[PDB]
Protein chains: 2
Amino acid sequence: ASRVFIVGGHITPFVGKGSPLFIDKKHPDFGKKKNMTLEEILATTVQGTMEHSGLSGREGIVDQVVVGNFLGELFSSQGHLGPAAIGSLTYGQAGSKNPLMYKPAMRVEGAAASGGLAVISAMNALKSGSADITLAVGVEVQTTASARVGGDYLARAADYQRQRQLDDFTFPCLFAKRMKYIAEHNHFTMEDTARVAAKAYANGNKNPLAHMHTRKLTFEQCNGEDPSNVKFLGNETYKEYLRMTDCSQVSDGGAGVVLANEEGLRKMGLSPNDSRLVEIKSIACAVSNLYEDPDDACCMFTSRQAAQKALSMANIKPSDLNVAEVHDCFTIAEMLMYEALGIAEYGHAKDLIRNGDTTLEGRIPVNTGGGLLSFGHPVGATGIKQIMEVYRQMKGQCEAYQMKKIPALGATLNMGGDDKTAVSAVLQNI
Amino acid sequence: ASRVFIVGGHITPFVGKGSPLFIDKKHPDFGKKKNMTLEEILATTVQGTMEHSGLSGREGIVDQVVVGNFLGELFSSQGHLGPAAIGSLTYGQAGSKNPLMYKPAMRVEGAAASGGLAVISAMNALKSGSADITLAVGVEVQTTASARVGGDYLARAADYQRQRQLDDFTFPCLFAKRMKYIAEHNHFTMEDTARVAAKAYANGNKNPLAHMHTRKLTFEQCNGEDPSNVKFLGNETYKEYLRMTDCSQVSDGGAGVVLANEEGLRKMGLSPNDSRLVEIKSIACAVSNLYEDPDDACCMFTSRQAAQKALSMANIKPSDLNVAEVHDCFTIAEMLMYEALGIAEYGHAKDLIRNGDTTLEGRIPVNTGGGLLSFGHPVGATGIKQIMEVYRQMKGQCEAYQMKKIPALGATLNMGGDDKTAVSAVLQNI
Ligand SMILES: CC(=O)SCCNC(=O)CCNC(=O)[C@H](O)C(C)(C)COP(=O)(O)OP(=O)(O)OC[C@H]1O[C@@H](n2cnc3c(N)ncnc32)[C@H](O)[C@@H]1OP(=O)(O)O
Ligand SMILES: CC(=O)SCCNC(=O)CCNC(=O)[C@H](O)C(C)(C)COP(=O)(O)OP(=O)(O)OC[C@H]1O[C@@H](n2cnc3c(N)ncnc32)[C@H](O)[C@@H]1OP(=O)(O)O
């Protein structure tokens, strides 16, 4: 196979309610200035990604662009982000010369796995001989509607005919439903999930890019002792299993990554041992049936398939991983992800979180920058963000949450819907 | 490079207002029976495609699935069609064994070029060594809303902030605007575009799959002499340049194609010279800037770039083509497509249509089954339909519209938005 290299990338701040970067009634610039649009975020992400990757002034050597985005058609009335990305380099500079003109571009989608799917597409282009350098960007804007209205948009990721009726907050409810079963089988507890949140917010507190950077929450708060941490669902059956702090954020943001094969490195004037690089040893996608759910809510069968293929293609095992990024769309999902990735055996994610093994100082740090819970979750961006966080830790770029032991191996696990699409990648430092 | 072969495929009937297959108040089964949902169309298309490709009972050898769809999230409240496709083989047969489980799948999107993009993704997977057999299906349901509401959904293909205000029928208006400029430069006429429609409806009349199969229109009717062929736009500046008969249909439908590399043919027990095959010699994508339009409305620069790359990679010229499928989203676009493909020189599409060169009996027949105008336009399906129509002509399957001279070489040209994304492929008979 042709090898694949992460050359560089960019994560915007992730912003929404609770961030000082978000312009609401509590902001100096309220009334004066607006938050970024989808087009603006896409422009910032594309330009930021080119800059960090050392391509400013030679963007014409990028052969192709893939955008990951889930709901731009709903939140921003805008599809067709392929040609949006082609215009993103020189956005708002009318008539300007554009070195991306006529290149291939498209949007890919699998709910919150859209970013990961974007990386896969780019990687297939690189191994197919139709590209030597690709740009994969993911973006999302979700703050243009309430959390309730957004919850109906996010339900586009579920089997909508079958599952929308559970609750206006369809996804939160689907994970609350997992938690009920999880509790009845004593797989792990609501204490355990509160410990996940405490970790995430503590990690976020060290990350200025994080949506929840300025919010502090104690274990006790996340564990429900605060009455402002409401059990907000409407469905009576599942209401008691989910608190606000268990939920990923409604965020706006972008993440981008430039990927290259060996011929692309050559073109950029780079060697395969260049210390700015990280190798993607493997990536893998697994998709289950939208229309049918397994009974065992304590196992994410699809995410487990993806993680298994990826580590296998990389010829490593979970115990070899030094860092991971997992899809904590809820605290409940982070626990399940530990077991789907394999860093915990079935029923033993509880051990890991009770023992601090996934904190910054633990033996397998996870979601070092705050996860979907604190860093935030602009759905389309998440999958690429995960890649870039492992990259940044590997390159010593994470500042206040930088790991003291630079990780040699990392893994990502990105998930769309209720474990219906999963994408997992193994990353090796250089 | 690994070679790529079309093994087989399937087009559903394309249905909507005017079709006897469409169930509205005037239909015997009104109240009794409903039109197909997006899920049902996807199930029919996936199963139909497997059947005609010879894979029934061994669907497990398909390595991957790519779905093309533009607006399912809006018209049907449904995204995440990747796992929908995974469950499409056994749709409505609960608990059944499913040989597609855990395979890679995703949805791709570039407005009305979504189907073509789906083929490109599949083809990259085939050349990348991550697949030997791929299934590319495209589907769309647009009849769940009024034409006016649908026109706002379709505007997701435009630069929405900039262009939505032109008209509720944003896309029709954008092509009407082209026609104004086209008229002022005498590039071609509204008689010429009526001749395109006459050809499409005559072709449709020989195609039972065609939305408009049962509607007959004379040149004179398409040319405006019928008062029911109304100039329906609201925008005063462009209103006079577009008639209803100039417009593609609001259709529901699906198309699917199985593609394979040489190892995939081996796996299916097939030889590369098997007469059921067509080789995709080349495919190419070109994407321009969503945010800026070129001045010259008489040229589709982006579609021309894509056609040029494809014919060049295939080392052929337009004059070598025996058949073509082009993106006649409007009659106006068919004319521009003849020139973008290269079968007419700049300003000479008028010669071709005045001379009958693109009729079934002409030297370069185009859109033999009726095009987006008559066959209809379920947006995500269109790109794959185009591929399958060239295939079917090449394999002698088109019955009443079958070409008497079996074509050796064909080309497709699929377009998203106002010439912002284009995909073009060269096909060679075996
Ligand atoms: C695979 C994947 O990645 S899935 C994608 C996953 N993402 C999601 O599901 C998004 C999850 N996150 C969210 O929806 C948001 O972060 C939330 C809802 C958890 C927090 O949002 P906020 O804006 O802080 O909450 P908000 O104030 O809108 O209120 C939420 C609801 O909680 C309830 N609520 C709020 N405060 C109270 C209270 N004091 N008492 C009772 N109910 C309350 C209400 O029902 C309220 O809705 P309402 O105003 O319509 O009646
Ligand atoms: C670029 C790509 O390839 S992607 C997308 C493809 N392109 C498109 O957008 C085409 C899709 N849209 C269409 O083509 C149009 O929706 C149509 C014209 C085909 C739909 O026509 P129909 O639905 O059969 O007729 P319908 O009755 O809705 O007429 C549409 C509108 O035209 C006007 N109209 C309809 N009938 C009449 C009449 N007898 N007299 C005057 N005006 C009329 C009306 O404004 C009507 O809207 P309204 O009912 O709110 O007033």
# chains A, B, ... in the order shown; residues from 1 in each chain; ligands from 1
>>> residues_around(residues="residue 63 of chain A", least_positions_apart="4", cutoff="8 Å", atoms="only C-alpha atoms", output="list in words")
residues 103, 104, 131, 132, 133 and 134 of chain A
>>> write_last_selection(atoms="C-alpha atoms", output="PDB file, in the first residue's frame")
ATOM      1  CA  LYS A 103     -10.360  20.545  -8.579  1.00  0.00           C
ATOM      2  CA  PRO A 104     -12.484  17.634  -7.381  1.00  0.00           C
ATOM      3  CA  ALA A 131      -4.513  12.308  -5.533  1.00  0.00           C
ATOM      4  CA  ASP A 132      -1.142  12.750  -3.842  1.00  0.00           C
ATOM      5  CA  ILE A 133      -2.267  15.513  -1.498  1.00  0.00           C
ATOM      6  CA  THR A 134      -5.815  15.863  -0.132  1.00  0.00           C
TER       7      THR A 134
END
>>> residues_near_ligand(ligand="ligand 1", cutoff="7 Å", atoms="only C-alpha atoms and all ligand atoms", output="PyMOL selection string")
chain A and resi 17+111-112+146-148+151+154+169+171-172+228+230+232-233+244+247-250+329+379+415-418
>>> interface_residues(of="chain A", to="chain B", cutoff="7 Å", atoms="only C-alpha atoms", output="count of residues only")
38
>>> select_by_dssp(residues="segment 143-297 of chain B", states="strand (DSSP E or B)", output="ChimeraX atom specification")
/B:247,252-260,278-287
>>> atom_distance(atom1="atom CA of residue 337 of chain B", atom2="atom CA of residue 254 of chain B")
23.2 Å
>>> residues_around(residues="segment 59-61 of chain B", least_positions_apart="3", cutoff="8 Å", atoms="only C-alpha atoms", output="count of residues only")
7
